[PDB]
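>>> Curious how this folds, go ahead:
(2 chains)
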Amino acid sequence: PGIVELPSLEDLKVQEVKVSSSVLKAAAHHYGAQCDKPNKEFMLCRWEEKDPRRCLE
Amino acid sequence: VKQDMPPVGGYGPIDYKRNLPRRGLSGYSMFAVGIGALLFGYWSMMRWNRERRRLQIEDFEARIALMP
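Numbers count the residues shown, from 1 in each chain, chains lettered A, B, ... in the order given. What follows is the structure:
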């Protein structure tokens, strides 16, 4: 029926944070402390519009 | 002389009493020391559980800050 909208790899290429489990878990309190002030913008984006392929920015 | 097997002038007596010490604690004392150690274990249990809940809340906060 209706065609889908899949934005391609043009916008789907950002270098990942390729650290492992334990380092990311043990760095968590400072990670949420200083940064993660603008990720609640991302989470509010995600909960106000539940359509990832929107909050890519 | 004659060499039978007599008793030599009479021997010592041997008891015939049901010799029972019935030692150990009473009802009240054993009861109270058991309940006292029970309540000691309860108090230490309460302390460890609430400090453990503090740490488990810290683990929850770790997964919260990790997620997005």
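>>> CA atoms for contacts and neighbours, from now on please.
Fine.
>>> Now for whatever residue of chain B ends up closest to chain A, which secondary structure element holds it?
Nearest to chain A, among the residues of chain B, is residue B:65, at 5.2 Å (C-alpha to the nearest C-alpha). Following DSSP states H and E, one finds residue B:65 within helix B:27-66.
>>> Count the neighbours of the residue of chain B closest to chain A for me.
By the measure other C-alpha atoms under 10 Å in any protein chain shown, the count of residues near residue B:65 is 17.
>>> now the residue nearest to it when sequence neighbours are not counted: how far from residue B:59?
Distances taken as C-alpha to C-alpha, 6 or more residues apart in numbering or on different chains put residue A:32 closest to residue B:65, at 5.2 Å, once the chain neighbours are dropped. The gap separating residue A:32 from residue B:59 is 13 Å, by C-alpha to C-alpha, to the nearest Å.
>>> Those two - which one has more neighbours?
Each of residue A:32 and residue B:59 has its neighbours counted (other C-alpha under 10 Å); residue A:32 has more, 17 against 12.
>>> Show me what the host helix or strand of that one is packed against.
Assigning secondary structure by DSSP H and E places residue A:32 in helix A:28-33. Packing partners of helix A:28-33 (3 or more C-alpha pairs under 8 Å, 6 or more residues apart in numbering or on different chains; DSSP states H and E): helix B:27-66.
>>> Thanks a lot, catch you later.
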